[PDB]
Amino acid sequence: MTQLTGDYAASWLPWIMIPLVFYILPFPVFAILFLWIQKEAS
Amino acid sequence: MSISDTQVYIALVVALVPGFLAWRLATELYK
Amino acid sequence: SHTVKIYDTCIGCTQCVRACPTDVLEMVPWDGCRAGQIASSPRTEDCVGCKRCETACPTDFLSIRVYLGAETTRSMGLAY
Amino acid sequence: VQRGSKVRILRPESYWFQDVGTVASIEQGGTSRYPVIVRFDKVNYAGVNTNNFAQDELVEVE
Amino acid sequence: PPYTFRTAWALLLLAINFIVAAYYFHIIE
Amino acid sequence: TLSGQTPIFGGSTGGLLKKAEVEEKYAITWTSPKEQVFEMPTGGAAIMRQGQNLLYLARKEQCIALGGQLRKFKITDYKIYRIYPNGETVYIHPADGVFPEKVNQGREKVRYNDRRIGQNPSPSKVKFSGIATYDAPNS
Amino acid sequence: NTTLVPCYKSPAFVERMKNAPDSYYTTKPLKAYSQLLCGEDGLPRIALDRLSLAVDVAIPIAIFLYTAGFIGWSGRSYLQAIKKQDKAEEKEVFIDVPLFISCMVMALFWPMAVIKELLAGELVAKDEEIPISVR
Amino acid sequence: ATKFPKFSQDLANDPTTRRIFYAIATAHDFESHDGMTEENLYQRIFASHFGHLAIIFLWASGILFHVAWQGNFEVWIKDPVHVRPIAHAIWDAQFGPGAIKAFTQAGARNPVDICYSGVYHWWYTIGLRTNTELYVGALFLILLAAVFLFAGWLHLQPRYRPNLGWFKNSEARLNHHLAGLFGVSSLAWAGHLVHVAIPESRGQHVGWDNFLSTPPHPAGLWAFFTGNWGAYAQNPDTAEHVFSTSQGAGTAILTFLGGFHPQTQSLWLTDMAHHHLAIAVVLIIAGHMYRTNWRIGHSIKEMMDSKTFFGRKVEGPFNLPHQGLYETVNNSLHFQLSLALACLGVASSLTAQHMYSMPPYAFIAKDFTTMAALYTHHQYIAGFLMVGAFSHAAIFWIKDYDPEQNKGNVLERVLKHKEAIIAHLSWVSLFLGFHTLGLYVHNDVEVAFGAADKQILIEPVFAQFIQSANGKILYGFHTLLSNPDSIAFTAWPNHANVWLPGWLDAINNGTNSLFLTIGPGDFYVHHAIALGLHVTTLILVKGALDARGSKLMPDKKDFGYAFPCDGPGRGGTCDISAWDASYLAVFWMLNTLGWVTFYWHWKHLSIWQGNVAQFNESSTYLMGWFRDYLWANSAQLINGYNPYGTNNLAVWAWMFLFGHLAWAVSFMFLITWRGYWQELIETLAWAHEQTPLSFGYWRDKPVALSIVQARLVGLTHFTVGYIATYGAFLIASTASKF
Ligand code: CLA
Ligand code: CLA
Ligand code: CLA
Ligand code: CLA
Ligand SMILES: CC1=C(C/C=C(\C)CCC[C@H](C)CCC[C@H](C)CCCC(C)C)C(=O)c2ccccc2C1=O
Ligand code: SF4
Ligand code: SF4
Ligand code: SF4
């Protein structure tokens with residue numbers, strides 16, 4: 001075929017979970033993981 | 001005969017129970 | 001902020017003080033040598049860690065150590 | 001422990017632990033705490049073959 | 001001293017080496 | 001404080017950075033009986049003057065690498081300062097006026113252990129304690 | 001006992017002697033390999049049997065291990081010779097060949113010379129005269 | 001003056017980028033954290049084992065969920081030899097049409113991954129038949145991973161934290177880990193095999209609603225308590241029984257035929273239910289040896305210090321002073337960790353050495369890639385677990401050993417002669433490399449110069465005797481289970497070798513991996529393996545025994561485990577630490593398991609392809625190892641994408657080349673050292689401060705990363721590039737040319 005399909009159940013779910021955890025969510029995650037690495041003590 | 005469309009969504013809300021309890025452990029170990 | 005300890009196997013030959021590039025060591029008077037001296041390290045906050053005082057000590061299993069510890073901005077030699 | 005005598009070393013931290021060395025000089029001041037200077041026939045590690053020692057860590061062999 | 005416990009454990013392991021080498025050269029069966 | 005004319009140096013690149021304006025900055029001060037040329041610790045070559053000289057360096061190893069160079073020009077009168085950005089000039093080398101190679105009195109046996117180096121305690125003596133094995137108050 | 005047939009009646013070794021060149025490397029050293037045990041591909045193996053290869057395996061032991069301990073004993077008796085002369089720092093670079101040959105012909109009968117120092121206790125150095133570390 | 005890391009305040013005031021990296025590789029070393037006592041030490045070991053067990057149970061629930069959802073376990077279970085398993089599905093949104101088509105394999109309607117883990121063969125054997133038993137086993141392991149995250153949160157609350165007297169209860173932990181953790185859970189697995197896995201291998205479906213009614217035996221629940229134990233082995237599965245059907249089945253549940261099932265080439269499920277029952281009886285007995293509070297048993301503190309042997313005056317166990325070793329093992333958490341990795345890197349080699357020869361799973365002998373990827377997996381795990389068994393030996397000597405308490409015992413006696421163990425490990429290493437390399441490049445020159453008949457071929461007649469002492473009648477030693485007129489064959493006083501006629505059918509069949517045919521190409525690699533195991537012991541023993549110090553630096557204990565050096569004085573002391581000898585032996589661990597698993601693969605790639613006379617004639621010299629194994633079998637791998645197309649090995653052709661890049665980038669961190677890069681970062685930090693429109697500025701100053709860090713950063717890439725390259729050659733040279 002010429003397209004990524006899925007015969008398995010809920011085949012719409014890799015369509016959104018693969019962009020989410022790999023290039024949409026990690027730059028938020030690398031921001032939160034940077035705000036406690038470089039957080040100052042008083 | 002693979003699993004149903006609902007059984008995937010049932011697994012996603014059951015695995016919020018060790019997703020939240022993994023947060024209770026990771027902060028009680030005081031990161 | 002390293003730790004330059006000095007042990008009593010010293011002979012007062014002043015060779016570690018001439019080899020220090022940052023003036024950490026200096027000679028104080030003592031009673032257990034013919035030179036009457038022993039090294040002391042009052043400026044250990046300026047210890048750059050380079051162990052050049054350790055290559056100059058002629059006593060066997062040398063009388064001065066540098067224990068590389070919590071490194072800071074002047075103990076790592078950063079001009080930027 | 002006189003000058004010219006052969007002596008063995010009981011200092012465990014040293015290079016010449018249990019090595020025979022010739023005594024070079026003994027200090028007569030009595031306040032230097034490492035009087036006897038013994039000279040060895042093998043250098044330690046890119047360097048010296050003489051080292052100041054005490055008298056309680058030296059056992060003569062002849 | 002005469003080694004009495006270091007021997008009779010080294011020649012006990014050498015004895016077990018000689019029973020296996022007895023079967024190896026088909027001496028005993 | 002500090003004063004003197006800067007040597008004839010045509011500018012460099014290995015000089016001061018934003019650390020020298022914000023954290024600390026060092027200054028060596030010598031005097032020369034000659035119009036001679038010396039090698040800079042920041043790369044290059046400069047001509048020192050005939051009066052009081054003054055050179056701003058970035059770290060203390062650059063001053064004493066320069067101080068070890070002036071001692072080969074038979075100039076053994078240099079003073080090294082340390083200039084915090086609020087303007088506080090402390091005077092650090094040589095501290096007592098005397099060079100640290102030759103002995104003076106009143107100085108202290110600081111960071112000195114009264115044992116051989118080989119009889120430091122084991123690291124299982126100091127387990128779950130604040131001290132290290134080379135601090136070790138016994139002997 | 002094993003399947004290592006001799007190379008006389010091995011049906012895969014006779015082809016290595018059938019089509020072969022001549023010169024000096026595949027005629028006389030190939031008919032001397034005929035009394036050797038070889039497997040199912042015609043290559044002479046080295047097995048360990050009881051008596052048929054008892055001394056056939058013990059010649060490479062006894063010939064080598066003699067002139068293994070002939071190099072080692074002439075090198076040991078040379079280093080001990082130049083340390084009683086108190087000049088061992090400079091005799092190890094400039095080899096004193098009248099003595100190294102004299103310590104070579106003393107090592108020609110080294111199996112009856114090692115055991116003269118084992119029972120006399122002079123082969124090994126005792127543990128309190130050898131330099132060690134902090135242990 | 002930052003907050004991270006919160007565990008060590010000497011690193012939180014770091015002004016450089018060393019603070020981030022040194023807070024990663026110190027965050028689990030709880031013994032060096034600022035402000036930690038011994039009681040608070042153990043309560044964070046204990047509650048992070050709970051958060052680690054939950055990772056294992058969430059990982060095993062991602063195997064089960066992804067073959068229930070995306071796998072073909074319903075399709076594969078009907079023809080388990082002529083269809084490939086499915087790991088999961090592909091969603092890579094940058095595929096072309098040539099990679100959607102190439103990866104739509106094994107009868108899928110989407111791109112998929114062929115599972116080379118062998119978990120399909122494991123669940124077919126233990127009695128899982130539908131995609132719902134996989135799903136409700138995945139939902140259970142999610143909830144089982146939740147009661148271990150909750151238990152770890154529980155045992156940090158101050159009413160539930162155990163004290164130091166409970167963690168140092170070594171005799172009560174050995175009683176329950178043998179009887180309960182190893183005995184009951186092996187008794188329970190024989191309960192699953194008898195109740196579920198054996199009846200489901202005979203056709204009948206036993207489930208949760210079914211197992212309480214149908215007994216697993218017609219003489220059930222009664223022949224155990226009377227003494228009629230022979231009822232359970234009366235009629236076994238005959239030699240025409242086919243798996244998971246009723247046709248040819250028996251009714252025995254505990255029988256001991258031995259050998260292999262004739263249809264699956266696997267061990268009998270009745271043979272393994274009997275096996276874990278005999279393990280459980282022997283282990284529950286062994287758990288009643290040490291004393292808890294019921295006044296009977298053994299005290300390990302008394303067994304160390306016992307100096308009386310029936311009136312004699314021995315120095316201890318085996319006339320050797322073992323006094324003071326109870327409080328040496330019990331207080332050291334690194335002595336207990338090194339003994340637990342040495343005993344887990346033996347059980348991981350023993351997994352690999354047995355699961356290829358005696359396969360326990362249905363049709364896993366006829367799946368050549370999952371059989372190959374599971375040997376190489378468990379031998380690299382077992383090489384890592386044995387490098388770490390000697391890495392914590394070195395941390396034990398430095399941090400957890402004192403010569404005053406261990407005075408005169410068996411632990412001082414090793415250090416008293418430690419220059420005689422390193423001098424003898426370095427003779428066996430020097431022996432086995434002058435005559436293993438020298439005997440190859442003699443055989444290399446002889447085959448190169450025409451005369452292949454002049455090779456020195458030592459027949460390994462001592463390990464050909466082992467097979468002939470177990471039943472292999474091929475050689476003809478004719479002794480001791482090759483001689484049927486012997487005392488060991490017949491067992492003359494009892495004749496109870498009921499395992500023996502089934503075993504000899506397995507060892508003498510030439511279609512299995514049980515005791516393969518051993519020739520002169522196998523003599524030579526076992527001396528490379530012996531050279532490998534001796535040098536990497538030599539680096540690790542010298543790292544452990546010289547961890548206190550030697551003549552180059554007699555205060556290695558005062559400097560810690562991982563320090564760079566002690567300067568350029570005394571000649572120079574690069575790599576002097578005990579960390580840097582637990583480091584040069586990772587290059588030798590990976591090398592030796594690149595000789596083990598190169599020889600497992602080529603011996604088996606010659607049997608599976610039928611060309612057994614390829615390995616047996618060209619493994620005696622190093623050209624055939626290079627021509628016939630590396631150059632020949634990489635033909636079908638690097639053609640995973642030619643200019644004319646793309647097949648299903650296009651990801652293994654890419655990982656094979658991703659692993660050459662990761663190997664070569666490791667050499668930058670290993671050849672170039674730190675002060676090349678500190679003068680270069682000093683230059684790029686000049687050009688950042690003196691340029692316009694660059695408004696960023698470093699919060700912490702860029703330094704070249706440290707000496708003992710780039711040894712680790714350059715060993716991580718060496719290892720990953722060693723595994724991405726061989727785990728893509730072993731996968732793609734077996735799944736293409738079977
Ligand atoms: C019967 C009671 C019992 C049981 C079931 C357990 C079970 C467990 N304990 Mg506990 N413990 C107990 C009593 C018990 N304990 C008591 C009374 C004490 C007080 C002293 C402790 C103190 C204690 C501590 C301090 C810790 C544990 C830990 C653990 C866990 C080990 C982690 C693991 O995966 O194991 C292994 C799982 C397996 C399935 C074993 C299989 C793999 C092995 C290596 C192979 C077995 C094969 C066999 C050995 C081969 C040879 C056989 C021979 C006959 C030839 C485990 C679940 C650890 C933990 O907290 O984890 C969360 C840990 O930190 N226990
Ligand atoms: C070359 C030696 C070798 C080989 C042939 C294998 C083979 C295998 N491994 Mg692996 N592994 C090895 C070395 C090896 N391993 C070593 C030294 C480690 C310790 C780091 C691991 C740790 C490991 C884990 C954690 C797992 C496996 C698994 C597997 C199985 C499935 C993967 C596959 O299909 O093949 C593909 C080819 C490979 C080279 C496999 C690479 C797998 C890597 C090593 C996983 C490492 C995890 C990584 C460090 C963390 C990433 C987290 C995050 C970035 C996502 C397979 C049988 C999986 C399994 O258990 O099956 C259910 C699995 O969960 N292995
Ligand atoms: C730890 C085991 C494990 C592993 C290795 C994977 C791996 C994968 N899953 Mg997942 N998954 C798991 C458990 C696991 N799963 C469980 C238990 C569930 C039920 C809730 C799911 C439900 C799920 C869905 C719906 C999808 C995936 C998908 C995927 C694929 C891409 C990742 C992704 O985008 O989805 C994100 C992952 C999740 C939404 C859930 C994963 C979180 C689990 C519960 C725990 C993992 C955290 C782990 C313990 C962290 C420790 C490691 C850390 C220390 C480095 C990938 C192969 C996608 C796919 O099918 O590709 C084609 C897909 O859309 N999974
Ligand atoms: C039961 C197993 C076990 C346990 C509990 C420990 C526990 C410990 N080890 Mg250890 N060790 C083990 C096995 C184990 N080890 C094995 C199997 C080896 C051989 C490799 C070692 C070798 C070893 C050394 C040399 C050292 C330790 C140290 C330590 C202590 C601190 C760990 C640390 O530095 O922080 C946390 C560690 C990390 C955050 C890991 C760092 C990065 C690693 C290398 C993972 C890299 C994988 C890579 C990113 C994945 C690739 C991704 C993808 C592209 C494939 C700690 C008590 C250190 C110590 O005691 O200091 C005094 C120490 O120096 N271990
Ligand atoms: C390249 C190199 C550097 C410089 C290395 C640098 C500057 C590494 C930083 C590069 C980027 C920032 C990291 C690369 C990103 C990685 C893909 C992921 C790293 C992120 C971590 C949190 C894992 C050294 O400092 C060094 C020191 C001693 C011996 C050899 C070397 C050496 O080879
Ligand atoms: S440390 Fe060196 S220079 Fe200083 S007193 Fe001792 S021997 Fe002399
Ligand atoms: S580490 Fe360097 S600066 Fe410090 S005392 Fe030694 S030589 Fe002097
Ligand atoms: S800086 Fe590098 S080369 Fe120099 S002594 Fe340390 S480890 Fe060795």
# chains A, B, ... in the order shown; residues from 1 in each chain; ligands from 1

$ residues_around --residues "segment 23-30 of chain B" --least-positions-apart "3" --cutoff "7 Å" --atoms "only C-alpha atoms" --output "count of residues only"
5

$ residues_near_ligand --ligand "ligand 6" --cutoff "10 Å" --atoms "only C-alpha atoms and all ligand atoms" --output "PyMOL selection string"
(chain C and resi 5-19+25-28+33+35-40+53-60+62-65) or (chain F and resi 101)

$ write_last_selection --atoms "N, CA, C and O atoms" --output "compact mmCIF listing (two decimals), in the first residue's frame"
# COMPACT_ATOMS: atom_id res chain seq x y z
N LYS C 5 46.81 18.66 51.61
CA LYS C 5 47.37 18.30 52.91
C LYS C 5 48.87 18.10 52.78
O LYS C 5 49.39 17.80 51.71
N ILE C 6 49.57 18.28 53.90
CA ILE C 6 51.02 18.19 53.95
C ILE C 6 51.40 17.37 55.17
O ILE C 6 50.95 17.65 56.28
N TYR C 7 52.21 16.34 54.96
CA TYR C 7 52.52 15.34 55.96
C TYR C 7 53.93 15.55 56.49
O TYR C 7 54.71 16.32 55.92
N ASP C 8 54.26 14.87 57.58
CA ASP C 8 55.51 15.18 58.26
C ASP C 8 56.71 14.48 57.68
O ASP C 8 57.75 14.42 58.35
N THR C 9 56.64 13.94 56.47
CA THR C 9 57.80 13.38 55.82
C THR C 9 58.56 14.45 55.04
O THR C 9 59.49 14.14 54.29
N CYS C 10 58.18 15.72 55.23
CA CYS C 10 58.78 16.84 54.53
C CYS C 10 60.24 17.00 54.90
O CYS C 10 60.68 16.60 55.98
N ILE C 11 61.01 17.57 53.98
CA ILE C 11 62.42 17.87 54.22
C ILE C 11 62.75 19.33 54.00
O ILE C 11 63.91 19.72 54.17
N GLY C 12 61.77 20.16 53.64
CA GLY C 12 62.00 21.58 53.50
C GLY C 12 62.88 21.97 52.33
O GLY C 12 63.68 22.90 52.45
N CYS C 13 62.75 21.29 51.19
CA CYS C 13 63.55 21.64 50.03
C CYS C 13 62.90 22.69 49.15
O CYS C 13 63.46 23.03 48.11
N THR C 14 61.73 23.19 49.55
CA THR C 14 60.97 24.28 48.91
C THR C 14 60.59 24.00 47.46
O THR C 14 60.19 24.92 46.75
N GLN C 15 60.68 22.76 46.99
CA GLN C 15 60.48 22.50 45.58
C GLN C 15 59.02 22.51 45.18
O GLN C 15 58.72 22.77 44.01
N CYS C 16 58.10 22.23 46.10
CA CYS C 16 56.70 22.29 45.75
C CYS C 16 56.22 23.73 45.64
O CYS C 16 55.26 24.01 44.91
N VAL C 17 56.86 24.65 46.37
CA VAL C 17 56.43 26.04 46.35
C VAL C 17 56.89 26.72 45.08
O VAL C 17 56.19 27.57 44.52
N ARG C 18 58.07 26.36 44.58
CA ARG C 18 58.55 26.91 43.33
C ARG C 18 57.81 26.35 42.12
O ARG C 18 57.80 26.99 41.07
N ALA C 19 57.18 25.19 42.26
CA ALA C 19 56.48 24.55 41.15
C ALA C 19 55.01 24.91 41.08
O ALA C 19 54.39 24.68 40.03
N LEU C 25 50.99 27.15 47.98
CA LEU C 25 51.88 26.69 49.03
C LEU C 25 52.86 27.78 49.42
O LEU C 25 53.16 28.68 48.64
N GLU C 26 53.35 27.69 50.65
CA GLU C 26 54.33 28.63 51.16
C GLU C 26 55.07 27.95 52.30
O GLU C 26 54.56 27.00 52.90
N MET C 27 56.28 28.43 52.58
CA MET C 27 57.12 27.81 53.58
C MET C 27 56.95 28.48 54.94
O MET C 27 57.08 29.70 55.05
N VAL C 28 56.66 27.67 55.95
CA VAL C 28 56.52 28.15 57.32
C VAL C 28 57.63 27.51 58.14
O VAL C 28 58.19 26.49 57.70
N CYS C 33 63.19 19.39 60.45
CA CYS C 33 64.04 19.27 59.27
C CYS C 33 65.32 20.06 59.49
O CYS C 33 65.44 20.84 60.44
N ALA C 35 66.37 22.19 57.13
CA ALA C 35 66.02 23.53 56.69
C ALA C 35 65.15 24.24 57.71
O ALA C 35 65.02 25.47 57.65
N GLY C 36 64.56 23.50 58.64
CA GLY C 36 63.67 24.09 59.62
C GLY C 36 62.35 24.55 59.05
O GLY C 36 61.65 25.32 59.69
N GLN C 37 62.01 24.10 57.85
CA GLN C 37 60.81 24.55 57.17
C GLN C 37 59.87 23.37 56.92
O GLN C 37 60.27 22.21 56.97
N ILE C 38 58.62 23.71 56.66
CA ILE C 38 57.63 22.78 56.14
C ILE C 38 56.67 23.60 55.30
O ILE C 38 56.47 24.79 55.55
N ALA C 39 56.12 22.99 54.26
CA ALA C 39 55.16 23.70 53.44
C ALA C 39 53.82 23.78 54.15
O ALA C 39 53.47 22.92 54.96
N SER C 40 53.07 24.83 53.83
CA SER C 40 51.69 24.94 54.25
C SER C 40 50.91 25.52 53.09
O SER C 40 51.47 26.21 52.24
N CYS C 53 52.97 20.32 42.18
CA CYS C 53 53.70 20.21 43.43
C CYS C 53 54.00 18.77 43.78
O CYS C 53 54.92 18.50 44.56
N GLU C 54 53.22 17.85 43.24
CA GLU C 54 53.39 16.44 43.54
C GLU C 54 54.49 15.80 42.71
O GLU C 54 55.09 14.81 43.14
N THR C 55 54.77 16.34 41.53
CA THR C 55 55.87 15.83 40.73
C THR C 55 57.22 16.34 41.20
O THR C 55 58.25 15.79 40.79
N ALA C 56 57.24 17.37 42.04
CA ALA C 56 58.47 17.99 42.49
C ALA C 56 58.92 17.51 43.86
O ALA C 56 60.08 17.76 44.22
N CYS C 57 58.07 16.84 44.61
CA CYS C 57 58.42 16.35 45.94
C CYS C 57 59.40 15.18 45.83
O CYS C 57 59.06 14.16 45.22
N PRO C 58 60.59 15.27 46.41
CA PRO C 58 61.57 14.18 46.30
C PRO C 58 61.49 13.12 47.38
O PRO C 58 62.27 12.16 47.32
N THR C 59 60.61 13.24 48.37
CA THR C 59 60.48 12.20 49.37
C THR C 59 59.71 11.03 48.78
O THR C 59 58.77 11.23 48.01
N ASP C 60 60.11 9.82 49.14
CA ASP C 60 59.48 8.64 48.56
C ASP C 60 58.11 8.42 49.17
O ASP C 60 57.96 8.41 50.40
N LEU C 62 55.55 10.69 48.42
CA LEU C 62 55.61 12.12 48.65
C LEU C 62 54.78 12.69 49.80
O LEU C 62 53.73 12.17 50.16
N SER C 63 55.31 13.76 50.39
CA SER C 63 54.82 14.37 51.61
C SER C 63 53.72 15.39 51.38
O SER C 63 53.31 16.05 52.34
N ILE C 64 53.24 15.55 50.16
CA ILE C 64 52.18 16.51 49.85
C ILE C 64 51.19 15.82 48.93
O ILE C 64 51.58 15.05 48.04
N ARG C 65 49.90 16.01 49.18
CA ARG C 65 48.88 15.47 48.30
C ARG C 65 47.94 16.58 47.88
O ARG C 65 47.78 17.57 48.59
N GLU F 101 58.62 31.22 48.65
CA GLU F 101 59.69 30.23 48.65
C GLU F 101 60.54 30.34 49.91
O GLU F 101 60.85 29.32 50.54

$ residues_near_ligand --ligand "ligand 4" --cutoff "9 Å" --atoms "only C-alpha atoms and all ligand atoms" --output "VMD selection string"
chain H and resid 22 to 32 45 333 to 334 337 to 338 340 to 341 345 381 to 392 395 399 560 to 562 578 to 583 586 662 712 to 713 715 to 717 719 to 721 723 to 724

$ residues_around --residues "residue 292 of chain H" --least-positions-apart "2" --cutoff "9 Å" --atoms "only C-alpha atoms" --output "list in words"
residues 169, 171, 172, 175, 290, 294, 295, 296, 297, 298 and 299 of chain H

$ write_last_selection --atoms "N, CA and C atoms" --output "compact mmCIF listing (two decimals), in the first residue's frame"
# COMPACT_ATOMS: atom_id res chain seq x y z
N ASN H 169 18.71 -8.80 58.85
CA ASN H 169 18.25 -10.11 59.28
C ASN H 169 18.55 -11.08 58.15
N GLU H 171 19.58 -14.28 58.23
CA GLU H 171 19.15 -15.67 58.33
C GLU H 171 17.65 -15.81 58.09
N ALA H 172 16.86 -14.80 58.43
CA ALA H 172 15.43 -14.86 58.17
C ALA H 172 15.10 -14.52 56.73
N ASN H 175 15.76 -17.82 54.77
CA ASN H 175 14.74 -18.84 54.98
C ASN H 175 13.55 -18.63 54.06
N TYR H 290 18.57 -22.17 58.45
CA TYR H 290 19.03 -21.09 59.31
C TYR H 290 17.96 -20.78 60.35
N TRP H 294 12.63 -19.49 66.32
CA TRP H 294 12.10 -20.75 66.84
C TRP H 294 13.20 -21.69 67.34
N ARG H 295 14.39 -21.16 67.62
CA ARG H 295 15.49 -21.76 68.38
C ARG H 295 16.19 -22.93 67.69
N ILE H 296 15.74 -23.37 66.52
CA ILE H 296 16.41 -24.45 65.80
C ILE H 296 16.96 -23.91 64.49
N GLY H 297 18.06 -24.48 64.04
CA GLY H 297 18.62 -24.09 62.77
C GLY H 297 20.08 -23.76 62.90
N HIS H 298 20.59 -23.03 61.92
CA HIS H 298 21.98 -22.63 61.87
C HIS H 298 22.11 -21.14 62.07
N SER H 299 23.14 -20.74 62.81
CA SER H 299 23.51 -19.34 62.91
C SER H 299 24.76 -19.15 62.07

$ residues_around --residues "segment 5-16 of chain A" --least-positions-apart "4" --cutoff "6 Å" --atoms "only C-alpha atoms" --output "PyMOL selection string"
(chain B and resi 4-5) or (chain H and resi 70+109-110)

$ residues_near_ligand --ligand "ligand 1" --cutoff "7 Å" --atoms "only C-alpha atoms and all ligand atoms" --output "ChimeraX atom specification"
/H:45-47,49-50,53,166-170,172-173,176-177,179-182,279,282-283,344

$ write_last_selection --atoms "N, CA and C atoms" --output "compact mmCIF listing (two decimals), in the first residue's frame"
# COMPACT_ATOMS: atom_id res chain seq x y z
N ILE H 45 17.21 1.84 49.27
CA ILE H 45 17.44 0.64 48.47
C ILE H 45 16.15 -0.14 48.35
N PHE H 46 15.44 -0.28 49.47
CA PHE H 46 14.27 -1.14 49.55
C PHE H 46 13.11 -0.59 48.74
N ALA H 47 12.94 0.72 48.74
CA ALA H 47 11.81 1.34 48.06
C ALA H 47 12.10 1.70 46.62
N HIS H 49 13.80 -0.84 44.83
CA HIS H 49 13.53 -2.15 44.26
C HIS H 49 12.06 -2.30 43.92
N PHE H 50 11.19 -1.63 44.66
CA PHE H 50 9.77 -1.67 44.36
C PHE H 50 9.46 -0.91 43.09
N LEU H 53 10.81 -3.29 40.25
CA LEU H 53 9.93 -4.41 39.93
C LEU H 53 8.73 -3.96 39.12
N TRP H 166 15.89 -5.04 60.74
CA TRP H 166 15.12 -5.88 59.84
C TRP H 166 15.85 -6.11 58.52
N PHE H 167 16.62 -5.12 58.06
CA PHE H 167 17.37 -5.29 56.82
C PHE H 167 18.58 -6.19 57.02
N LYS H 168 19.18 -6.16 58.21
CA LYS H 168 20.32 -6.99 58.53
C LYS H 168 19.92 -8.32 59.15
N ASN H 169 18.71 -8.80 58.85
CA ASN H 169 18.25 -10.11 59.28
C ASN H 169 18.55 -11.08 58.15
N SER H 170 19.81 -11.49 58.07
CA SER H 170 20.25 -12.30 56.94
C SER H 170 19.75 -13.74 57.03
N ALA H 172 16.86 -14.80 58.43
CA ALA H 172 15.43 -14.86 58.17
C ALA H 172 15.10 -14.52 56.73
N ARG H 173 15.99 -13.82 56.02
CA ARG H 173 15.76 -13.58 54.61
C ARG H 173 16.13 -14.78 53.77
N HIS H 176 13.14 -17.39 53.88
CA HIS H 176 11.97 -17.11 53.08
C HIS H 176 12.27 -16.96 51.60
N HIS H 177 13.51 -16.67 51.23
CA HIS H 177 13.83 -16.60 49.82
C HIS H 177 14.08 -17.96 49.22
N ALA H 179 12.57 -20.95 50.72
CA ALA H 179 11.32 -21.68 50.85
C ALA H 179 10.18 -20.98 50.14
N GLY H 180 10.11 -19.66 50.24
CA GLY H 180 8.97 -18.94 49.70
C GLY H 180 9.18 -18.32 48.34
N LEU H 181 10.30 -17.65 48.13
CA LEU H 181 10.51 -17.00 46.84
C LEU H 181 10.98 -17.99 45.78
N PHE H 182 11.78 -18.97 46.16
CA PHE H 182 12.27 -19.94 45.19
C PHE H 182 11.57 -21.28 45.30
N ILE H 279 12.42 -29.46 42.30
CA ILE H 279 13.13 -28.26 42.73
C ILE H 279 12.48 -27.69 43.98
N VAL H 282 13.15 -29.73 47.19
CA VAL H 282 14.54 -29.60 47.61
C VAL H 282 14.82 -28.19 48.12
N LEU H 283 14.13 -27.18 47.59
CA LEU H 283 14.39 -25.81 48.03
C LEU H 283 13.62 -25.43 49.29
N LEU H 344 24.22 -14.29 39.10
CA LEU H 344 23.23 -14.02 38.09
C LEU H 344 23.83 -13.92 36.70

$ interface_residues --of "chain E" --to "chain H" --cutoff "7 Å" --atoms "only C-alpha atoms" --output "JSON, numbers by chain"
{"E": [23, 24, 26, 29]}

$ select_by_dssp --residues "chain D" --states "strand (DSSP E or B)" --output "count of residues only"
20

$ residues_near_ligand --ligand "ligand 3" --cutoff "6 Å" --atoms "only C-alpha atoms and all ligand atoms" --output "list in words"
residues 13, 14, 17, 18 and 21 of chain A; 11, 12 and 15 of chain B; 55, 58, 59, 61, 62, 89, 90 and 91 of chain H

$ residues_around --residues "residue 559 of chain H" --least-positions-apart "5" --cutoff "10 Å" --atoms "only C-alpha atoms" --output "ChimeraX atom specification"
/C:66-69 /F:123,132-134 /H:398,548,564-566,577
